[PDB]
Amino acid sequence: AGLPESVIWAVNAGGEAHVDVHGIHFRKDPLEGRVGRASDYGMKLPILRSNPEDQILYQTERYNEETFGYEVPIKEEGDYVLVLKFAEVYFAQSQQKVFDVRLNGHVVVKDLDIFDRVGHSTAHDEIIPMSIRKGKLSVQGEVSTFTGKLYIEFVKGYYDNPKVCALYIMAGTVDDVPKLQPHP
Ligand SMILES: OC[C@H]1O[C@H](O[C@H]2[C@H](O)[C@@H](O)[C@H](O)O[C@@H]2CO)[C@H](O)[C@@H](O)[C@@H]1O
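Residue numbers (the entry's author numbering): 1 to 184.
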């Protein structure tokens, strides 16, 4: 299936609905008024590396002073890819904001430091392939029992607060995913 038709779930964290240049609908945040805190602080800033018509995805965020996450229903078995979108709109040195990302307890991104990877006010994406079959979730060479729900959590450590800007899940494999442009 083509790109829009292969997307099963998508969220603009801290924000309203937005359709991107590929035709992907990022839904308004389902955690509005629940756990965590929405912030539109980045709406004053140009976001480098991103396509300019889609900067609003990176200018809005959900963050928290304690661990938080999204629960996702997955209705059918198959191959999927999770894409997570981030920007650092406050700090401009390394080892200021650092956090882990977990999927059903598996650590899938260890010690993410957005500024160290891309700089200030610049797009950074993590691309995480997974498979659901025979009653199991498989991700990064690890395996556990799958019950129908995926729990995506952003873990509070010692260096400032975990955050996310947007996220989506598509059916397919890694070669099917649009990539950000190479960046210094
Ligand atoms: O909404 C802007 C940012 O707010 C928080 O950053 C805090 C930071 O944790 C604190 O140490 C400092 O004194 O103030 C800033 C701004 O309130 C979030 O942690 C960031 O992710 C947000 O971008």
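Cβ coordinates follow ideal geometry from the N, Cα and C atoms, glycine included.
Taking every protein chain shown into account, the CB of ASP111 has fewer than 16 other CB atoms within 10 angstroms, so this residue is exposed. In the displayed model, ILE56 falls within a helix according to three-state DSSP.
Annotation: the continuous alpha helix (DSSP H) that includes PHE115 extends over 114 to 118. A buried status is given to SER50, since no fewer than 16 other beta-carbon atoms sit within 10 Å of its beta-carbon. For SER6, no beta strand (DSSP E) run applies; the uninterrupted alpha helix (DSSP H) run containing it begins and ends at 3 to 6, by DSSP.
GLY69 is a Cβ neighbour of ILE152, given a cutoff of 8 Å. In the DSSP assignment, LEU82 falls within the unbroken beta strand (DSSP E) covering 78 to 86. Of all alpha-carbon atoms in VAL143, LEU180, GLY172, the one lying nearest the alpha-carbon of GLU5 is that of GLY172. In this structure, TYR158 has its CB at a distance of at least 7 Å from all heavy atoms of ligand 1. Per DSSP, reduced to three states, the secondary structure at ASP175 is helical. Taken in chain order, the unbroken stretches of beta strand (DSSP E) that lie wholly in the stretch 129 to 182 and span 3 residues or more are 136 to 139, 142 to 145, 149 to 159, 166 to 171. Per DSSP, reduced to three states, the secondary structure at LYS110 is strand. A direct Cα-to-Cα measurement between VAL89 and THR147 gives close to 37 Å.
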